[PDB]
């Protein structure tokens, strides 16, 4: 693992400089394509993309797991919805399945801790049947967190060897906006009330309890904010750990990763805390409607491309943004050049 984190490649400044020069010469006023140009340069800096903004195969990894804190009354969805929805993922009927298909991406359903029997068709990497209730203790041990990190990391970069050049990250797990809020509170240093949201339609009357639970998880576990792995293992969850692992794996592989919503933001905070070298490989997708989204994004210093008020999860936002990444590549490789049309602009 330490080896893994040590070998994460830095961005290729040489390719980035060649990228900028080429973009500036395209048939358009310099900088007129804004963030689409900035995106193309970012991609060209990623060693796995072979010195140029390109997109081969696309995959969306969905980490599924249950949480013990569900028993604290912080989620109104029946706990079995995690297992049922994970099954539907294999039938291509879920939101991410439909949005991925539209983007020509393949969805990978990974079970990292669903509290139910194994689901055939789903990748089995389950640590246990749900994580511990963070309200009364840790969600898992440090070893378990590190093991899943390494496991997911390997799985991700292994896909790269099969032609995948762009990843999307996602999750599925009733009650996960609670540990996510806890993680965001710890990493950003914001009060719990400022980052706890409604999750999957939690009644306004039940918010207070959710906030108290988050505070309790922090007070009792005392997670160290300067140790991402310590935070993940204490007030996190299997699914959150898994998303963090996809991010480390893709970074080590020198490939881009599209974030999704609020849950992904907390995993990104952990990942950047564990290995800052991961930041250059992260690409935002949409701005989640979850209350703590703004705060999380600011500390990540990210500005989402899509404002859809979405709050579904599954990596649905990620899939929705994939066409945008391909547009930056198409812009780069297919546009004509000013010099060719004898056009001279200041």
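Residue numbers count along the first chain shown, from 1.
- As recorded in the PDB entry, 162-170 is the stretch of 254-262 and 162-170 with the greater mean C-alpha temperature factor.
- Comparing 9-17 with 334-342, the stretch with the higher mean C-alpha B-factor in the PDB entry is 334-342.
- For the set 301, 285, 38, 32, the PDB entry puts the maximum C-alpha B factor at 301.
- Out of 118, 179, 132, 276, it is 118 whose C-alpha atom has the highest B-factor in the PDB entry.
- In the deposited entry, the Cα temperature factor of residue 192 sits in the top third of values across the chain's modelled residues.
- Residue 290: CA B factor in the middle third of modelled residues in this chain (values from the PDB entry).
- When all modelled residues of the chain are sorted by CA temperature factor, residue 68 is found within the lowest third.
- Residue 44: CA B factor lies in the lowest third for its chain, per the PDB record.
- In this PDB entry, the Cα temperature factor of residue 309 sits in the bottom third of its chain's modelled residues, the lowest group.
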